[PDB]
Structure formats: structure tokens, C-alpha cells
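Structure first, commentary second.
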DNA sequence: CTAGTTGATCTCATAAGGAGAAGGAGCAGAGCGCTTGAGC
Ligand SMILES: [Zn+2]
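Protein chains in written order, with the deposited numbering: chain A, 34 to 253; chain B, 103 to 152; chain C, 20 to 83; chain D, 254 to 304; chain E, 1 to 233, 238 to 371, 382 to 391.
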């Protein structure tokens with residue numbers, strides 16, 4: 034179990050064509066813990082591999098522990114094709130050439146951004162224009178991924194959906210082989226395989242192994 | 103302030119409802135030069151979004 | 020009337036809730052900081068103040 | 254926005270009592286409480302006191 | 001077992017190896033009151049426990065009704081399954097009783113003749129153990145959520161108390177003081193804990209999701225405001245993601261353990277403050293009050309027993325693996341204490357009983383009439 | 001360019017309504033993806 038390997042698999046699962054090649058392929062830290070049993074180390078590998086500049090971990094808002102992952106190169110290649118042709122395309126390019134390869138912190142302070150990156154107080158709206166700078170608070174702001182709205186809406190919808198059917202299942206159990214074999218519900222479009230990894234990481238289910246494969250149960 | 107804040111996002115400060123859809127397009131077409139009517143329609147349509 | 024009360028144990032203002040259950044002719048009042056519960060037999064006429072009175076009277080009676 | 258003296262004139266008494274306008278009194282109240290708030294927020298103050 | 005004994009008398013293994021190995025084996029074999037029982041005098045739920053620093057024999061306890069009961073924890077009888085009797089109890093009839101719920105109690109380090117209890121009645125009381133009366137009463141403007149005394153400092157007797165107010169209060173047993181106050185927090189301070197390694201180093205955890213490492217001698221703010229993601233570095241640098249309601253230094257004081265209502269637990273370096281990125285899984289924590297937990301001492305690998313709903317979770321401190329869940333209670337557990345000498349655990353919860361967790365795997369040898387299946391044939 | 005002088009200027013110091021419009025609550029039903037689910 035390697036975090037380099039772990040993140041790669043999730044990346045493959047992503048429905049790339051579903052979002053018209055605009056949102057870079059997000060993979061969650063929750064589903065990272067699914068492939069690698071020892072979470073204790075998964076964070077440690079991704080930590081140095083964060084400052085290694087080959088990954089971007091973006092903080093999301095669907096829960097307190099919402100930390101998404103965006104591929105660095107793909108994060109780069111997609112912002113220009115989204116920013117260019119727009120009024121905000123000006124200093125977002127600077128943000129890219131200066132801020133991204135010099136820092137890896139999840140949220141930038143006011144004095145940090147203005148001084149270290151030499152940002153004015155007028156162009157800062159342009160980064161807020163299309164998913165570049167979120168709003169942590171008055172003094173700090175988390176790093177944004179453009180066009181993240183649609184993803185989480187489907188993501189949250191999907192999580193609820195899978196949770197619901199699992200509960201509905203007779204005797205409140207549902208075999209994992211019975212998810213893949215059965216057609217994915219139309220309510221969730223991110224992929225049934227994508228979400229089942231999420232609850233495993235979120236510990237909403239436990240991977241109980243038996244003679245008939247592995248089973249998931251709500252916590253007792 | 104109440105109405106505008108309820109219409110816009112609390113976190114990312116964006117319009118809750120996509121503005122390119124036919125419903126908003128026809129609402130805007132009807133409300134040409136009527137900002138009060140536009141606000142009323144937008145508010146009563148975006149109040150249901152959670 | 021008021022529904023947020025002060026817990027007699029943990030001394031937190033506006034930190035008590037009253038549960039309404041006409042069907043079971045009973046009511047429950049519980050805190051939020053320390054979560055101390057109490058149940059009393061209520062009727063169609065009982066009010067959230069009444070369950071406080073029953074609880075606080077029992078507390079004083081238990082303190083006797 | 255502070256109104257000028259024309260909007261809130263200082264009336265003249267039959268003697269020399271220069272009564273200020275009610276808007277001027279409210280403005281003075283606002284300035285004193287704003288200075289108190291500024292000094293409180295620059296120094297150490299409780300959250301409930303600031304509220 | 002036998003190999004550890006033989007390797008000891010032969011000299012191949014240093015004598016500490018068997019002791020640490022047998023200590024950690026006892027922790028793994030922890031189970032309910034196989035040979036014990038705690039006398040029940042707390043009418044309400046029990047909020048705090050503390051074992052005396054020396055000789056680990058008498059244990060204090062503080063209930064939700066305000067009574068504080070001092071216990072006895074060794075078998076003065078010949079027979080087993082002894083009951084842990086109470087030598088004394090400060091109840092309602094006492095003139096100086098906590099009127100309201102007592103939140104945390106603590107034995108004074110270096111001797112057992114004095115102990116301090118702080119309640120929600122906005123007072124910290126100094127007690128005389130022998131006469132069971134008070135000596136100093138410290139009233140506070142807001143309710144008191146926790147108080148800690150330095151277990152290793154010998155140059156001072158400062159007691160640190162965190163109130164509902166946004167600012168730490170440092171009372172000195174020597175003289176009255178009660179005026180030294182630490183600023184830098186924004187909301188209710190739910191946990192304070194001194195550092196067992198450094199005398200003047202204090203950790204304060206408050207509802208603004210910030211834990212601050214203070215130096216009492218220092219006259220200029222805090223030293224380290226622990227952050228979660230280790231960015232470059238206040239009104240920022242959140243220690244957790246909710247309400248930090250727990251604090252427990254490790255045995256040597258080199259690392260810090262914190263529990264918040266984000267259902268997350270973190271281990272932090274004591275000197276620099278960087279988190280060590282031990283994930284611990286999900287640690288259930290919905291308590292709005294101070295959550296008291298302990299860490300094992302004198303074992304092969306240190307353990308941490310943290311309250312987990314109606315159960316107690318055991319994790320390896322550094323490995324961060326879930327060892328076992330001690331399902332004994334019926335209501336939520338809020339305090340757990342560790343008997344270092346015997347590797348035993350005492351748990352206070354809200355079902356008004358202190359449960360003892362004693363090591364198993366030692367049973368009487370017969371020459382069980384209740385242990386059979388009764389299935390029909 | 002330099003001192004010395006004169007005012008400004010400040011700071012600190014002791015004590016027996018209404019009609020209507022707007023929001024929200026609660027229940028009530030329609031619809032629909034879903035999850036079975038069992039009769040021919
Ligand atoms: Zn209470």
C-alpha cells in the first residue's frame with residue numbers, strides 16, 4: 034500500500050468526461066484511506082509528497098474533515114484553459130507562476146498573500162471570480178479549485194443515496210459484490226464504486242469479511 | 103441585506119442558481135428595466151434552494 | 020411561555036429542553052451541557068413549566 | 254456620513270444659549286461610543302463586552 | 001512468559017524488558033471488575049477521578065450532584081472481589097460543599113495532605129485531607145471547566161484554571177494571587193494541563209479551536225499556537245476543527261494529545277508544535293464540557309485511553325492503532341484514570357458508577383458450573 | 001542657514017384600529033426512482 038499508488042487508482046475511477054474537461058479530477062482523502070490500511074502513514078506519505086509538488090490537497094466544505102486532492106499538473110493545465118478569455122485571467126496566471134510552486138499551505142493569510150506574493154487589494158476579486166480563492170475568514174482563505182460546486186452537490190447527493198439503500202437493505206446488510214453486480218442508481222452519477230470507497234474512509238461502514246466476500250455494516 | 107444575502111452564497115458568495123437556464127433567461131427578459139420585479143422573482147425562486 | 024431553562028446541576032442559562040409527548044401522557048426534560056434527564060406523568064393540560072416544577076420539587080424532595 | 258451645519262443648525266437663544274441640534278447630540282453620542290469601541294478593540298476586552 | 005523469566009535470571013535481557021513486556025500484556029488483557037467493586041455514593045453522574053501521585057492508594061471522585069468522595073483501592077481483606085470502600089465523603093451536610101456540579105478534582109503532587117476541587121459553582125476550593133475542611137476558596141466570575149496543578153514543578157504552586165471566560169486564570173497556592181491572567185484566547189477554555197517535562201510550560205485548549213503553549217514566566221503572549229496542516233507561520241492556525249475539549253501530555257512530556265468535538269484526535273510535538281500526523285481514526289466526542297483522558301505509563305509502547313461514547317478506546321500513542329474497546333458502561337463516560345503500578349483503569353461515567361478495568365488471564369485452578387450451553391437435544 | 005522669541009496647539013494633571021402585505025408552519029397530496037417481489 035503506497036500513497037502514490039493509492040491516489041492513482043482513485044484518479045482512474047474519476048468520471049473525467051462527465052464534467053466536460055473543466056473541473057480537474059478530484060479524489061478525496063477519505064477514499065485514500067480505503068486502499069491503504071494504515072491511515073497513520075497515509076497522511077505521512079502524502080505530506081512529504083505534498084511539499085514534493087506532485088499533488089494538491091484542497092479543503093472542501095461538505096464536512097469538517099473534507100480534504101480533496103487535485104493533480105498538480107492537471108490543476109495547472111486546466112486553470113489556463115478556464116481563466117483565459119476572461120477578465121480575471123490577468124493575475125490568476127501570476128498566482129499560478131508564483132504562489133503554487135512556492136507554497137503548499139491549504140489556506141493563505143492576509144499578510145502572507147499580500148506581502149510574500151505581492152498581491153494588491155483590487156485584483157484579489159479576480160481570483161474570487163472563478164474558484165481560485167475561497168473564504169476561510171477575514172484574515173485567511175483556503176485554496177480553491179474552479180468549478181467545484183457541481184461536484185460536491187452530486188457527491189453529497191450520492192453519499193446520502195448509498196447510505197439510504199444500505200440501511201434499507203434487508204437485515205441492514207448488503208454484500209459488496211451486490212453493489213458492483215447491480216446497476217448503479219441514476220440518483221448518483223459520480224459512480225457507485227467512487228462512493229463506496231468514501232464511506233469506508235469515513236468509517237460509516239466496516240469492511241467485514243466473510244465466506245461470501247466482504248460485507249459492509251452501519252456502525253453499532 | 104437580508105434578501106441579497108439569502109440569494110447569494112454564504113461561503114463562496116455566488117448566485118445560488120445557475121443564471122444561464124431558460125427560467126432565469128425568461129425572468130430576465132420579462133424584467134427588463136424593472137430591478138424590483140427582478141429581485142422579487144429571483145428571491146422567490148432562490149428561497150427554496152438549500 | 021419560555022422553553023429554554025437553567026439546569027439546576029450545571030448552572031447554564033437557557034440550557035434545558037422539554038420533550039412533549041401527549042400520546043404517552045408523560046414528558047421528559049433534559050439538559051444540553053451535562054444532559055441530565057427527568058420524566059414526569061403529564062396530561063393534555065400540562066405545560067413545560069409544570070414538568071420543571073415536578074422535576075425541581077423531586078430534586079428538593081430527593082435533597083431531603 | 255456627517256451632515257453639514259446647515260442640516261443641523263446651532264440655534265441662538267434670546268441670550269447666549271447655543272443649543273445643539275438633536276442630530277448633533279446623536280452624532281456626539283456616536284463619536285464617543287465609536288472612540289470607546291476603538292480603544293476597547295485596540296486593548297484587551299471580553300467577547301461579551303465587545304458584543 | 002517463562003522465556004522472559006529465564007532470560008532475566010541468566011542476564012541476556014535487561015530486567016526492564018520483562019517488566020515492560022508484562023506491563024503491556026496486562027493492559028491488553030484489561031477487563032471488568034473480575035476482583036473489584038467500587039462503593040456507590042454518587043447519586044448523580046461522576047465527572048472526575050484522580051489517583052494520588054504517591055503510593056497510588058486513595059482516589060478522589062467528583063459527581064454531578066456536587067458531592068466528592070475519597071476512595072480506597074486495595075484489598076485490606078483476605079478474600080478477593082473486595083469492594084473499594086470510601087474513607088470519607090464531603091456530602092450535602094458539609095458546610096463547605098460544592099452547591100453545584102463539581103467538574104474536576106486533583107490531588108496535590110508531592111504529598112497527600114491536600115487536594116483541590118473545582119466546580120461549576122465558580123469556585124476552586126483547597127481542601128485539608130485529614131480534617132476534610134477547606135483552607136482557601138477562589139471565586140471566579142464565570143463557571144470553571146478545568147484546573148491543573150504542575151506535577152513536577154518544585155519552585156511554585158501555581159494552579160491553572162480555565163473558566164468560561166476567554167482568558168486563562170493562574171492562581172498561586174502560595175499567597176492568593178488570583179490576578180495573573182493569560183490573554184490570547186477567544187472563547188471558553190475547556191482544558192488546561194501543565195507540562196510534566198517543563199515546570200512553567202502550560203497548554204490551554206479553548207472553544208476557538210486553538211491550543212496554545214504558554215510559559216508562565218513569559219510576559220509576552222504565547223509561544224506556539226498549534227496548527228493542523230503545518231503551514232508557514238494570531239486569529240488563525242486552528243488547532244482542531246470544532247471545540248478542543250481535551251488535553252493529556254504523554255509520559256515523558258515530549259508530545260501532546262488533544263481531543264476535539266470534530267471526532268478527531270491529534271498528537272503534537274511539545275517543543276516546536278508540529279503535529280506528528282498520527283490519524284487515530286474516528287474518536288467520538290460530542291462533549292461540550294472538559295473531556296478527561298489519560299495515557300499509559302511504564303509499558304513497552306505507551307497507550308492512550310480516551311472516552312468514546314459509552315465505551316473507552318485504547319490506542320497505541322505513536323502507532324495510532326485501535327487496540328480494544330472496553331464496553332462496560334451504559335451512559336457516556338467522561339473521565340478515565342490509569343493506575344501506573346498495577347496497570348488498572350478506573351472509569352467515571354454518567355450512570356453513577358466508577359468501573360474498574362483490571363488485567364485478566366489469571367484465574368483460580370479448580371480440583382465453571384455456570385459456564386455451559388443449555389441447548390435441548 | 002542659526003538662535004531666540006511669540007503665539008497656537010496639544011497633552012496631562014487633582015478634587016373601545018384597520019386594511020393589507022409579508023413569512024413561516026404544518027399538513028396534504030402527487031409523483032417517481034427504487035426496491036422488491038411474486039403471480040403466469
Ligand atoms: Zn445541565
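We put the beta carbon where it would ideally sit given N, CA and C, even for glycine.
I'd like to confirm the pairing. Which residues does DSSP put opposite residue 253 (chain E) in its beta bridges? In the DSSP secondary-structure assignment, residue 253 (chain E) is bridged to E:260.
Residue 242 (chain A) - containing alpha helix (DSSP H), residue span: No alpha helix (DSSP H) holds residue 242 (chain A); the beta strand (DSSP E) holding it covers 239-242.
Starting from residue 169 (chain E) and walking both ways along the beta strand (DSSP E), at which residues does that stretch end? For residue 169 (chain E), the enclosing beta strand (DSSP E) starts and ends at 168-172.
With a threshold of 16 other CB atoms inside 10 Å of the CB of residue 340 (chain E), please say whether the residue is buried or exposed. Here residue 340 (chain E) is buried: its Cβ has 16 or more other Cβ atoms, across all protein chains shown, within 10 Å.
Quick one: give me the first and last residue of the beta strand (DSSP E) that residue 58 (chain E) is part of. Run containing residue 58 (chain E): 58-63, per the beta strand (DSSP E) assignment.
Selection from A:184, A:163, A:216 and A:139 that minimises the alpha carbon distance to residue 49 (chain A): Put simply, of A:184, A:163, A:216 and A:139 the residue whose alpha carbon is nearest the alpha carbon of residue 49 (chain A) is A:184.
What residue from E:108, E:143, E:162 and E:31 has the CA that sits closest to residue 156 (chain E)'s CA? Its Cα nearest to that of residue 156 (chain E), the residue E:108 stands out among E:108, E:143, E:162 and E:31.
Between residue 242 (chain A) and chain E, is there a C-beta pair that is closer than 8 Å? Judged by the 8 Å Cβ criterion, residue 242 (chain A) is not in contact with chain E.
Grouping DSSP H, G and I as helix and E and B as strand, with all else coil, what is residue 323 (chain E)? Residue state, collapsed to three classes: coil.
Within 10 angstroms of the Cβ of residue 107 (chain B), are there 16 or more other Cβ atoms? Answer buried if so, exposed if not. Per the 10 Å Cβ criterion, exposed.
Which residues mark the beginning and the end of the alpha helix (DSSP H) in which residue 18 (chain E) is found? Taken as a continuous stretch (DSSP letters only), the alpha helix (DSSP H) holding residue 18 (chain E) covers 15-28.
Residue 203 (chain E) in three-state terms, based on DSSP: Three-state result, residue 203 (chain E): strand.
Examine the Cβ distances between the region 211-226 of chain E and the region 281-289 of chain E and report whether three or more of them are shorter than 8 Å. Flag = no, the region 211-226 of chain E and the region 281-289 of chain E do not touch.
Taking C-alpha atoms, which residue in A:167, A:90 and A:51 lies nearest to residue 40 (chain A)? Checked all of A:167, A:90 and A:51; the closest Cα to residue 40 (chain A) is A:90.
Check for me: the alpha helix (DSSP H) holding residue 74 (chain C) runs from which residue to which? For residue 74 (chain C), the enclosing alpha helix (DSSP H) has its first and last residue at 67-81.
In chain order, which continuous runs of the beta strand (DSSP E) of length 3 or greater are located wholly inside the region 94-172 of chain E? As for any beta strand (DSSP E) of minimum length 3 sitting wholly inside the region 94-172 of chain E, the runs are 102-107, 114-119, 123-128, 133-139, 144-149, 158-163 and 168-172, ordered along the chain.
Please identify the residue among A:251, A:62 and A:86 whose C-alpha is closest to the C-alpha of residue 138 (chain A). Nearest option by C-alpha distance: A:86.
Using the beta-carbon of each residue, which ones in chain C are nearer than 7 Å to residue 120 (chain E)? In chain order, 29 and 30 make up the part of chain C whose C-beta sits under 7 Å from the C-beta of residue 120 (chain E).
Do residue 261 (chain E) and residue 274 (chain E) have their CB atoms nearer than 8 Å? It is not a contact, given that the beta carbons lie outside the stated cut-off.
Would you list, in sequence order, the uninterrupted alpha helix (DSSP H) runs of no fewer than 4 residues that lie entirely inside the region 141-199 of chain A? Restricting attention to alpha helix (DSSP H) runs no shorter than 4 residues, the region 141-199 of chain A encloses them at 157-162, ordered along the chain.
I want to see whether chain B comes within less than 8 Å of residue 168 (chain A), judged by CB atoms only; does it? At least one chain B Cβ lies under 8 Å of residue 168 (chain A).
DSSP-derived helix/strand/coil call for residue 273 (chain E): Reduced to three states, the DSSP call for residue 273 (chain E) is strand.
Between which two residues does the beta strand (DSSP E) carrying residue 193 (chain E) extend? Following the DSSP letters along the chain, one finds residue 193 (chain E) inside the beta strand (DSSP E) bounded by residues 189-194.
Cutoff 6 Å; reference residue 230 (chain A); Cβ partners in own chain excluding five residues on either side: Only 64 and 67 meet the Cβ criterion.
Mapping the DSSP letters down to three states, classify residue 89 (chain E) as helix, strand or coil. Looking at residue 89 (chain E) - three-state DSSP - the assignment turns out to be strand.
Buried or exposed, going by whether 16 or more other CB atoms sit within 10 Å of the CB of residue 154 (chain A)? It is exposed - the Cβ of residue 154 (chain A) has fewer than 16 other Cβ atoms within 10 Å.
Under the three-state reduction of DSSP, which class applies to residue 276 (chain D): helix, strand or coil? Three-state result, residue 276 (chain D): helix.
Straight-line Cα distance separating residue 152 (chain B) from residue 131 (chain B): Between residue 131 (chain B) and residue 152 (chain B), the C-alpha separation is close to 26 Å.
Along the chain, where does the beta strand (DSSP E) containing residue 339 (chain E) start, and where does it finish? It spans 337-343 - the beta strand (DSSP E) in which residue 339 (chain E) sits, taken as one unbroken run.
Is residue 214 (chain E) buried or exposed, if buried means 16 or more other CB atoms sit within 10 Å of its CB? With 16 or more other CB atoms across the displayed protein chains lying within 10 angstroms of its CB, residue 214 (chain E) is buried.
On the CB-based measure, 16 or more other CB atoms within 10 Å of its CB, does residue 63 (chain C) come out buried or exposed? Residue 63 (chain C) is exposed by the Cβ-count criterion.
According to DSSP, is residue 180 (chain E) helix, strand or coil? When DSSP states are grouped into helix, strand and coil, residue 180 (chain E) belongs to the strand group.
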